[PDB]
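S.K.: Residue numbers (the entry's author numbering), protein chains in the order written: chain A, 2 to 16, 31 to 52; chain B, 2 to 16, 31 to 52; chain C, 2 to 16, 31 to 52; chain D, 2 to 233; chain E, 177 to 233; chain F, 149 to 369; chain G, 5 to 221; chain H, 296 to 369; chain I, 5 to 74.
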Amino acid sequence: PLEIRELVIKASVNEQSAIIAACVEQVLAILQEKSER
Amino acid sequence: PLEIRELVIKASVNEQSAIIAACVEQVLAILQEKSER
Amino acid sequence: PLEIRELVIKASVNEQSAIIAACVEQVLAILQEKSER
Amino acid sequence: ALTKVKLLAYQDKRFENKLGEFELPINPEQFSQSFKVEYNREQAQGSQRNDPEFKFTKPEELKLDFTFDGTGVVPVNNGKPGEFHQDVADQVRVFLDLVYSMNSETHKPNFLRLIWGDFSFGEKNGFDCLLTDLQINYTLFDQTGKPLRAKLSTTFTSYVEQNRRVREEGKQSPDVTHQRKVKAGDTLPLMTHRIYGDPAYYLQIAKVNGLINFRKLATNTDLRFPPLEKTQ
Amino acid sequence: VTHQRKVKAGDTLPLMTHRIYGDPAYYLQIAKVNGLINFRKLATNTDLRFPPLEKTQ
Amino acid sequence: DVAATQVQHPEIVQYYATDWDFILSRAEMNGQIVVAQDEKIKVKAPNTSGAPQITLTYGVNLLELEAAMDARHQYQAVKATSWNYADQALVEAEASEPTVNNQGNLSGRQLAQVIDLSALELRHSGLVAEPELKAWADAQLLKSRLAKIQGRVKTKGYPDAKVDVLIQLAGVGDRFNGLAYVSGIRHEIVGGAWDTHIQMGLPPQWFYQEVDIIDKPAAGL
Amino acid sequence: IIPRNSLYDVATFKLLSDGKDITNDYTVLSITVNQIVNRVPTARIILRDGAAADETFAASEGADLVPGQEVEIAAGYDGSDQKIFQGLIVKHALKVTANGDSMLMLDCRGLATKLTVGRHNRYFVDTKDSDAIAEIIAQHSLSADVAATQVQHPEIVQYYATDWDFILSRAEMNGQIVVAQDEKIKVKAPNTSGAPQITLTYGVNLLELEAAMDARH
Amino acid sequence: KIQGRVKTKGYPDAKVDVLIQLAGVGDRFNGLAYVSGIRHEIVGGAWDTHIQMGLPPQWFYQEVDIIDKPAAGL
Amino acid sequence: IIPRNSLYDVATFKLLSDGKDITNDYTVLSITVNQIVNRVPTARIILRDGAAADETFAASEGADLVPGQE
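1) Can you give me the Cβ contacts of I:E74 inside the same chain, cut-off strictly under 6 Å, excluding the 5 residues immediately before and after it?
2) Examine chain G for any beta-carbon lying closer than 9 Å to the beta-carbon of A:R6, and answer yes or no.
3) Quick one: what's H:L350 bridged to in DSSP?
4) Alpha carbon to alpha carbon, what distance is there between D:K5 and D:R114?
5) Note the first and the last residue of the continuous beta strand (DSSP E) segment covering G:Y81.
6) How would you list, in chain order, the residues of chain C whose beta-carbon sits under 9 Å from the beta-carbon of A:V39?
7) Output the distance between the C-alpha atoms of D:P148 and D:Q136, rounded to the nearest integer angstrom.
8) Can you name the start and end residues of the alpha helix (DSSP H) that I:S64 belongs to?
9) Near I:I6, which residues of its chain fall below 6 Å by C-beta distance, leaving aside the five closest residues on each side in sequence?
10) Could you tell me the alpha carbon to alpha carbon distance between B:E40 and F:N325, rounded to whole angstroms?
11) Cβ closer than 7 Å: which chain H residues qualify as neighbours of D:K56?
12) Thinking C-beta only, is C:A36 closer than 9 Å to C:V9?
13) Can you tell me whether E:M192 is helix, strand or coil according to DSSP?
14) For F:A225 versus F:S197, is the C-beta spacing smaller than 9 Å?
15) My assumption, with CB atoms under 8 Å, is that F:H345 sits in contact with F:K302. Please give the rounded CB distance.
16) Counting only Cβ-Cβ distances shorter than 7 Å, please list the residues of the stretch 286-298 of chain F near chain G, keeping chain order.
17) Could you have a look at I:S34 and say whether DSSP puts it in helix, strand or coil?
18) Would G:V191 pass as a contact of G:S145 if the rule is Cβ separation under 9 Å?
19) In chain order, what residues of the stretch 208-239 of chain F put their CB closer than 7 Å to some CB of chain G?
20) Run the CB neighbour count on F:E280, radius 10 Å, all protein chains shown included, and call it buried at 16 or more, exposed below.
21) Check each candidate in D:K7, D:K231 and D:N210 and name the one with the smallest Cα separation from D:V100.
22) Starting from D:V167, follow its DSSP beta bridges and name the residues at the other end.
23) Does the beta-carbon of B:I5 have 16 or more other beta-carbons within 10 angstroms, so that it is buried, or is it exposed?
24) Any idea if B:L3 is buried or exposed, counting beta-carbon neighbours within 10 angstroms, 16 or more meaning buried?
25) Taking DSSP as the reference, what is the three-state secondary structure of G:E159?
26) If you compare alpha carbons, which of E:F215, E:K231, E:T222 and E:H179 is closest to E:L204?
27) Hey, could you find the ends of the beta strand (DSSP E) F:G332 is sitting in?
28) If you drop the 5 nearest sequence neighbours on each side, which residues of the same chain put their C-beta closer than 6 Å to that of D:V89?
29) Within the continuous beta strand (DSSP E) that includes F:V191, where are the two ends?
30) Throw me the rounded Cβ distance for the F:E176 and F:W354 pair, which I believe falls under 8 Å.
31) What's the C-alpha gap between residue 223 of chain G and F:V262?
32) What does F:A318 touch in chain E if you count any residue whose Cβ is under 8 Å from its own?
33) Report buried or exposed for G:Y81, applying the criterion of at least 16 other Cβ atoms within 10 angstroms of its Cβ.
34) If I measure Cβ to Cβ from D:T140 and keep anything under 8 Å in the same chain, skipping five residues before and after, which residues do I get?
35) For H:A367, return the contacting residues in chain F, with the cut-off set at a CB-CB distance below 8 Å.
36) What residue does the beta strand (DSSP E) around A:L3 start on, and which one ends it?
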């Protein structure tokens with residue numbers, strides 16, 4: 002993302032972190048685009 | 002979804032595409048329902 | 002979540032349910048926090 | 002004299018209040034121990050090789066197999082003539098009560114210590130642990146149904162308390178005070194580099210010890226090196 | 177739950193309190209529950225009661 | 149089934165709005181809640197004075213648990229002000245400390261001193277009388293105190309679950325133990341399994357701050 | 005980027021609470037800190053806690069991690085740490101998940117959050133925006149550093165709004181930005197006239213990169 | 296005009312409201328960039344930083360609701 | 005749905021930029037097009053680019069894919 006507050010916070014210490036990040040850029044792009052004329 | 006602008010865009014060409036789609040219908044249903052009285 | 006209407010509805014009967036729940040608390044926390052000054 | 006493996010069961014997490022002990026009737030043929038360290042392995046793009054960063058050390062693992070036999074051909078190590086092992090169920094019962102069942106006062110299983118005579122695991126003579134895995138196989142039975150042979154396989158994990166862990170890691174850093182004696186060939190910036198990693202602090206050190214001329218040191222002076230301030 | 181203990185040779189009140197509650201600091205309460213005037217010299221046939229703790233503090 | 153109020157109004161106007169929205173606005177401004185079920189609608193004050201129904205203990209009964217405090221929603225005092233043209237002066241009312249259930253060992257007044265705002269102030273330029281300003285300020289303080297601690301608990305199937313009752317929560321430390329107020333319930337039956345979720349506490353925001361219940365200018369033409 | 009004269013590359017941090025160092029008294033799992041322009045600094049701390057056999061949360065019952073305390077966070081390489089964050093604990097939460105893991109989470113905010121908890125009404129007559137901003141800041145016992153403006157207004161009105169919102173509106177209408185940290189608030193024009201601090205090269209230093217243009221703005 | 300985000304390893308001397316030089320990305324993005332925000336993350340012993348460049352184009356008042364409702368919501 | 009008199013079912017596409025066909029000059033990964041009533045038509049194009057050894061983005065520096073072109 003182009004923002005730092007839209008990054009996912011990491012809470013675990015013992016080891031799929033690159034799928035909870037791809038499934039977050041997709042939702043924010045589906046949701047932002049929904050606001051333009 | 003019942004809309005075409007709520008579909009997830011596919012950007013890869015070499016091969031879990033059916034989990035980034037189920038985790039997007041769930042969020043939109045949790046979020047829409049949050050707006051009705 | 003602290004709410005009952007923010008819980009994901011379960012529709013299947015034959016068997031990854033703990034990844035569609037972690038990828039939903041992350042989006043709602045990224046989205047709520049985006050509204051405070 | 003033949004020595005036997007012993008398992009000591011404690012209630013206290015400091016291993017002071019002993020509850021019981023169990024002794025193996027037959028020593029195992031072998032056992033295994035496992036170690037591991039964890040590093041960070043991210044790399045810059047278009048770079049040849051890398052220099053990984055340290056994250057942490059994981060607890061050690063221990064694997065053990067042994068046998069109970071009651072058909073009357075294995076002698077009992079008590080010195081009496083004509084004595085052989087003939088009761089498997091009693092041993093299984095006391096073993097399971099000691100290492101597996103829940104304690105009624107703590108609401109969890111007991112803490113274990115493993116000892117084999119003069120064996121040494123490292124810098125210690127015992128293994129402090131908890132049971133994580135167990136399997137039993139019954140392979141021979143009496144005509145009334147009572148067993149004559151059992152084989153057991155167990156997996157243990159290492160356990161050590163917080164207070165004691167931070168004392169075993171005797172972390173020495175610029176967080177403490179140092180003391181050094183001046184010997185032939187010493188200079189102040191080199192000593193400062195060897196303690197702090199940076200010579201630039203030398204002018205401060207000279208002020209702490211009252212040195213008028215710090216380019217000619219005497220060879221019986223004891224110098225103090227204070228810690229650094231917690232946040233800069 | 178409630179505990180009951182008999183005093184034998186070598187016993188002291190703070191050590192018994194530690195062995196039941198895990199903390200000696202409760203000893204002054206225990207002496208009051210059993211009516212002990214001097215709690216630094218115990219007799220060797222006394223049965224002491226140890227009540228449970230309050231459910232939420 | 150509507151509990152009676154004491155303030156009598158010279159006039160009330162429902163202007164181009166839905167019945168549900170009008171009812172909820174007028175109910176919240178009096179410190180009451182709405183419960184709808186079985187062809188029946190009940191409007192009344194929250195039931196925080198009863199006896200607990202069950203005990204839920206961490207380490208005995210629970211499958212999942214969440215709980216939270218937030219100090220920024222607590223206030224020390226509330227004031228409401230308006231203009232009285234018969235006297236040509238301002239009128240002011242102050243809220244009273246409400247009586248709620250006991251949970252934890254930190255009071256709302258202690259948490260209210262983190263930000264340390266002297267008092268919250270509400271203002272209206274129209275003719276609002278003394279008793280209406282008083283009810284408004286009281287509702288605001290009650291809103292703030294009932295949201296001190298919020299949480300959610302998951303356990304196995306519980307047929308006798310009900311909302312608007314008290315339960316006892318235990319096994320979670322001095323700061324969360326005590327009597328909690330149930331706000332909602334979910335039952336889930338999937339493939340033969342049955343479990344329930346119990347929500348405790350109320351949200352701190354007003355109803356009108358979350359929904360759009362007024363039309364657009366020019367009727368959107 | 006790695007500081008010069010680092011003999012070992014072990015990264016260290018320090019968490020002080022009311023002046024007391026409590027780093028090695030608990031089990032710390034993660035720390036996150038955010039410093040953004042025109043926003044209030046934020047920090048989040050995750051510790052391990054909870055035990056079903058004891059039926060309590062031991063660090064929750066302590067007196068070091070309760071709302072209202074001063075928190076200071078520093079970090080660095082090889083034992084030489086630098087101050088990063090200073091603020092207050094606001095939120096205090098517990099969590100036990102499906103598989104039995106249990107943790108305690110803390111949420112800390114800067115001191116400027118004192119400006120966002122009420123609505124006020126004020127008049128100002130024959131002043132500048134810088135004077136109104138300095139006065140509103142100083143009333144909260146915070147240090148102000150406000151660059152002066154040249155336009156003098158016959159009147160300014162703060163109508164039923166929060167201090168933070170009034171300040172940000174008046175700052176943006178003059179082309180200035182707000183930076184808040186360390187009991188200090190600075191209002192000034194963006195610093196686009198300086199010298200570069202470092203060089204970041206793709207293929208040398210970077211781990212990830214995103215960039216975008218849009219012609220419609 | 297241009298907005299972006301960069302992730303690199305732990306950088307103790309990071310600061311906002313300064314300039315950095317960005318290189319290696321083509322003629323259309325190279326040059327001096329203005330830093331708007333910083334995040335530090337320490338998880339399990341690892342340390343990395345994120346640097347945000349550029350400002351958003353929307354006004355402050357267009358993103359938040361800073362005015363009350365008619366009739367004070369009564 | 006498949007057009008009649010199709011001897012092979014190989015699907016093809018063409019991308020013109022200011023009248024010039026640039027399909028086979030770059031590596032094209034994906035194309036998406038949306039036509040909806042009461043909205044403005046939209047298209048999104050994804051190409052492969054970037055090389056760490058060369059330290060540049062070659063198609064970005066070209067003159068065929070800059071904002072403002074047809």
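C-beta: ideal position from N, C-alpha, C; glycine also.
M.R.: Based on what the coordinates show:
1) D22
2) yes
3) Paired residues: none, contrary to the question.
4) 14 Å
5) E74 to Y81
6) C38, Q41, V42 and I45
7) 16 Å
8) No alpha helix (DSSP H) contains I:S64, which DSSP labels as neither H nor E.
9) none
10) 38 Å
11) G339, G340 and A341
12) yes
13) helix
14) no
15) 5 Å
16) none
17) strand
18) no
19) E212, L213, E214, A215, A216, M217, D218, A219 and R220
20) buried
21) D:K7
22) D:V167 pairs with nothing; no bridge assigned.
23) exposed
24) exposed
25) strand
26) E:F215
27) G326 to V338
28) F69, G71, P148 and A151
29) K188 to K192
30) 7 Å
31) Any answer about residue 223 of chain G is impossible in this case: the structure gives chain G only from 5 up to 221.
32) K231 and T232
33) buried
34) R150, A151 and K152
35) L270, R271 and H272
36) It is not in any beta strand (DSSP E) - A:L3 carries neither H nor E in the DSSP assignment.
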